Each structure stands twice: as structure tokens, then as C-alpha cells.
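Colleague: The structure's right below; bear with me while I get my questions together.
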Amino acid sequence: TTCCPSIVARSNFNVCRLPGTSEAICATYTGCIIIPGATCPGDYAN
């Protein structure tokens, strides 16, 4: 599950994924994170 720290970070993550870029690279590029569960924390609310 991916969790992003702001709306702009999520929008950038979604563009990063368009060509098929791995989630892990789009995470470090944008500041979003990947967690094994389904429940994003309050500081990664987007």
C-alpha cells in the first residue's frame, strides 16, 4: 500500500507510475512510502 505526505506528492507519484516505474523508485522520488498493511498513518494521509 502506498501512502503520500501531501496531495502534490500523490499527484507526482501517479505521474511517476504512468510508464511503469517501480513503486519503490517513485517512493524515493516523491516522498511517498510503501507499507505492508492497508492503514496509512496520519502524517502520510494522502
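Chain identifiers are assigned as A, B, and so on, following the order in which chains appear in the C-alpha cells; residues are numbered from 1 within each chain, and ligands are numbered from 1 in order of appearance.
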Need to verify the contact set: residue 5 of chain A, 9 Å, only C-alpha atoms, exclusion of same-chain residues closer than 2 positions in sequence. Can you return it as a list in words?
Modeller: residues 3, 7, 8, 9, 10, 31, 32, 33, 42, 43, 44, 45 and 46 of chain A
Colleague: Go ahead and write the residues just picked, N, CA, C and O atoms, as a PDB file, in the first residue's frame.
Modeller:
```pdb
ATOM      1  N   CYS A   3       1.363   5.360   0.664  1.00  0.00           N
ATOM      2  CA  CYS A   3       0.864   6.461   1.469  1.00  0.00           C
ATOM      3  C   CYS A   3       1.709   7.698   1.127  1.00  0.00           C
ATOM      4  O   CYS A   3       2.927   7.608   1.085  1.00  0.00           O
ATOM      5  N   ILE A   7      -0.945  16.090  -1.015  1.00  0.00           N
ATOM      6  CA  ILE A   7      -1.641  15.919  -2.277  1.00  0.00           C
ATOM      7  C   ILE A   7      -0.678  16.018  -3.461  1.00  0.00           C
ATOM      8  O   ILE A   7      -0.751  15.199  -4.374  1.00  0.00           O
ATOM      9  N   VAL A   8       0.208  17.007  -3.470  1.00  0.00           N
ATOM     10  CA  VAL A   8       1.122  17.158  -4.592  1.00  0.00           C
ATOM     11  C   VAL A   8       2.019  15.929  -4.702  1.00  0.00           C
ATOM     12  O   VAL A   8       2.305  15.476  -5.804  1.00  0.00           O
ATOM     13  N   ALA A   9       2.457  15.375  -3.576  1.00  0.00           N
ATOM     14  CA  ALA A   9       3.294  14.181  -3.625  1.00  0.00           C
ATOM     15  C   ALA A   9       2.545  13.008  -4.290  1.00  0.00           C
ATOM     16  O   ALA A   9       3.128  12.261  -5.069  1.00  0.00           O
ATOM     17  N   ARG A  10       1.270  12.826  -3.954  1.00  0.00           N
ATOM     18  CA  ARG A  10       0.464  11.787  -4.605  1.00  0.00           C
ATOM     19  C   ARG A  10       0.303  12.040  -6.100  1.00  0.00           C
ATOM     20  O   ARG A  10       0.409  11.110  -6.896  1.00  0.00           O
ATOM     21  N   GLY A  31       8.623  11.233  -2.026  1.00  0.00           N
ATOM     22  CA  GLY A  31       8.398  11.279  -0.606  1.00  0.00           C
ATOM     23  C   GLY A  31       7.266  10.390  -0.113  1.00  0.00           C
ATOM     24  O   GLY A  31       7.047  10.318   1.088  1.00  0.00           O
ATOM     25  N   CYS A  32       6.556   9.710  -1.011  1.00  0.00           N
ATOM     26  CA  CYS A  32       5.583   8.705  -0.606  1.00  0.00           C
ATOM     27  C   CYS A  32       6.325   7.480  -0.037  1.00  0.00           C
ATOM     28  O   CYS A  32       7.526   7.322  -0.231  1.00  0.00           O
ATOM     29  N   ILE A  33       5.583   6.636   0.666  1.00  0.00           N
ATOM     30  CA  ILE A  33       6.116   5.446   1.292  1.00  0.00           C
ATOM     31  C   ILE A  33       5.260   4.228   0.926  1.00  0.00           C
ATOM     32  O   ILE A  33       4.098   4.349   0.551  1.00  0.00           O
ATOM     33  N   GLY A  42      -1.344   9.117   9.952  1.00  0.00           N
ATOM     34  CA  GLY A  42      -1.895  10.451   9.812  1.00  0.00           C
ATOM     35  C   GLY A  42      -0.985  11.486   9.169  1.00  0.00           C
ATOM     36  O   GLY A  42      -1.493  12.479   8.646  1.00  0.00           O
ATOM     37  N   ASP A  43       0.333  11.280   9.218  1.00  0.00           N
ATOM     38  CA  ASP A  43       1.269  12.184   8.562  1.00  0.00           C
ATOM     39  C   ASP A  43       1.590  11.774   7.124  1.00  0.00           C
ATOM     40  O   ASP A  43       2.326  12.485   6.439  1.00  0.00           O
ATOM     41  N   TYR A  44       1.004  10.663   6.671  1.00  0.00           N
ATOM     42  CA  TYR A  44       1.052  10.230   5.271  1.00  0.00           C
ATOM     43  C   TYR A  44      -0.392   9.937   4.817  1.00  0.00           C
ATOM     44  O   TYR A  44      -0.746   8.820   4.433  1.00  0.00           O
ATOM     45  N   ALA A  45      -1.207  10.986   4.887  1.00  0.00           N
ATOM     46  CA  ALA A  45      -2.658  10.896   4.803  1.00  0.00           C
ATOM     47  C   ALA A  45      -3.222  10.951   3.395  1.00  0.00           C
ATOM     48  O   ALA A  45      -4.435  10.776   3.216  1.00  0.00           O
ATOM     49  N   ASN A  46      -2.366  11.225   2.422  1.00  0.00           N
ATOM     50  CA  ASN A  46      -2.769  11.460   1.047  1.00  0.00           C
ATOM     51  C   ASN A  46      -2.259  10.383   0.084  1.00  0.00           C
ATOM     52  O   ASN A  46      -1.791   9.314   0.539  1.00  0.00           O
TER      53      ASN A  46
END
```
Colleague: Hey, what does DSSP flag as alpha helix (DSSP H) within chain A? Can you give it to me as a list in words?
Modeller: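 Filtering chain A to alpha helix (DSSP H) leaves residues 7, 8, 9, 10, 11, 12, 13, 14, 15, 16, 17, 23, 24, 25, 26, 27, 28, 29 and 30 of chain A.
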Colleague: Residues at most 12 Å from residue 37 of chain A, counting only C-alpha atoms, excluding those fewer than 3 positions away in the same chain, as a PyMOL selection string?
Modeller: chain A and resi 1-3+33-34+40-41
Colleague: Just list the residues in chain A DSSP gives strand (DSSP E) on the backbone, as a ChimeraX atom specification.
Modeller: /A:2-3,33-34
